[PDB]
Each structure stands twice: as structure tokens, then as C-alpha cells.
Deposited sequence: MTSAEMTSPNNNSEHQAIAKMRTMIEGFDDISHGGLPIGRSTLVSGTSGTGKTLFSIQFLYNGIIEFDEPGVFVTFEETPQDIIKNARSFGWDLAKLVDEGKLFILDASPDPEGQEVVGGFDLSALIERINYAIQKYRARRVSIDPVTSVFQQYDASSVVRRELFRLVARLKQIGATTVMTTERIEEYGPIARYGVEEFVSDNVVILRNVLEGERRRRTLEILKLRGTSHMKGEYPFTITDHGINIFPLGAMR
């Protein structure tokens, strides 16, 4: 079948029927504070700690120092991983996609990375046609490189377009939606795997919490 890499994010590998397909790109979309960055960091962190698979984290707005500081509260020492050459945080603050792809490819080769997180890829972008065009090019090259990639995207409603530009979910191999739904006056976080090309997966929404240990999903 299709080989999958384990995220080791509690509950997620069950929902994805074994993890994220190796060598492919997964879109992780959500409104603000849904857990996008956390998912993308946990993906790299677990890869390093449990499988010694090095990772590249690409950030467009949040600084490397804040990413590191924020991860500290889950008890994750990212600076240590950076110091040991197992993690590389690529600062993409200030669009030349060619330059970005070359920088990513270089980091991947230099750190021998198997896992890549790009957070958020919507910061790369104004017509739908060109967004789709340029996103496709990024996805295609990471595939050629053989990276397994998480790309986060922003969205503005819980039920509504998958991402900002109405094309991102059609270009990605895999699509994960993080929701933070307000019901009555209470928030409930859920994760859904909408699509995984070429393989089976659990369907619909599953509740999760963010705790001191990161994302915890219960597929029941």
C-alpha cells in the first residue's frame, strides 16, 4: 500500500489509518488559535525524538525565538534540537517563491530532513489561478525532493471555505481541518481528516484538547 509516517500525535495516527503518507503534502487549516502551529511543531518534534527524523520548520510571521519560547510550555526544548542539528527553523519573514523553495531544499539537504512544516503557507500569498499555480509548484517540488510536509493555512469561519483562497484544498494530497466551534457559549475543538489521496481514513470530526502535552485527540 501507501507508506505512512507516524505523527505520534495522540489519536491522529488512528484517524489517518497509520499516519501521513510519506513524500506528500498535508494541508492543516483552521481559524485563529485552533492549534495549527502546535500540530506542525509536534509533527517535527515527535519525528526527531522518537524516530531521529530531522525536521525543517518554515515560519513566515512568528519569530524562531517565540516558536521556541511557546513550545517550552509543552516541555519541549527546541533550542536543544536546533543546537544538535536535528531541527532547523527557517525564518521567512521579510513574494519570491523560487527563492523560498531553494532555501527549503537547501535546509532539507543540509539537515537531512524527512519532515517539513510550513506555517502558514497562506503567507506566501492575489488571483486564485496564480495562488493555485504557485501552491502547486511548491507541493510538486517538495514531492520531488521527497519531503513529507505539513502546510498550515488560515480560514475565517468554522464551516465555510477550507482555506483563504478556495483552491488550496484541491492542490494538496491530504487535508486536515482544525475547528474551534462555539456552541452555546462553549468552545469545542475538533479535528477532521477531510481527504487523504490514495488511502483510507476515519471520517468526520473528532474532539481534541490542547494540554501541557500538546494535542490530544479522541477518535472514540
| property | result |
| --- | --- |
| Sequence ranges without modelled C-alpha atoms (deposited numbering) | 1-16, 111-120, 152-154, 250-253 |
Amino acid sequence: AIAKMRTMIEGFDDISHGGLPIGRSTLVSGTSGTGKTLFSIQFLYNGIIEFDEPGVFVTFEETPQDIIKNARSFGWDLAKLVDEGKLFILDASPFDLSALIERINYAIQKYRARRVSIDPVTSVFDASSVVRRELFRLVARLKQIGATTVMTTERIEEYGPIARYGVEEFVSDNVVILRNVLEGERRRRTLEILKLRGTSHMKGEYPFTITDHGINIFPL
From here on, numbers count along this sequence of modelled residues.
query: Entry-level comparison of average CA B-factors, 85-93 and 146-154, reporting the higher stretch; finding: 85-93
query: Stretch with the higher entry mean CA B-factor, where the candidates are 95-103 and 113-121; finding: 95-103
query: Maximum C-alpha temperature factor, selected from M5, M8, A1, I215; finding: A1
query: Chain-wide C-alpha B factor ranking for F51, given as lowest, middle or highest third; finding: middle
query: Ranked C-alpha temperature factor of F170 among modelled chain residues, by third; finding: middle
query: Within-chain third of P161 by Cα B-factor, per the entry; finding: middle
query: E185 - Cα temperature factor, lowest/middle/highest third of chain; finding: middle
query: CA B-factor placement of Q65, once the chain's modelled residues are sorted into thirds; finding: middle
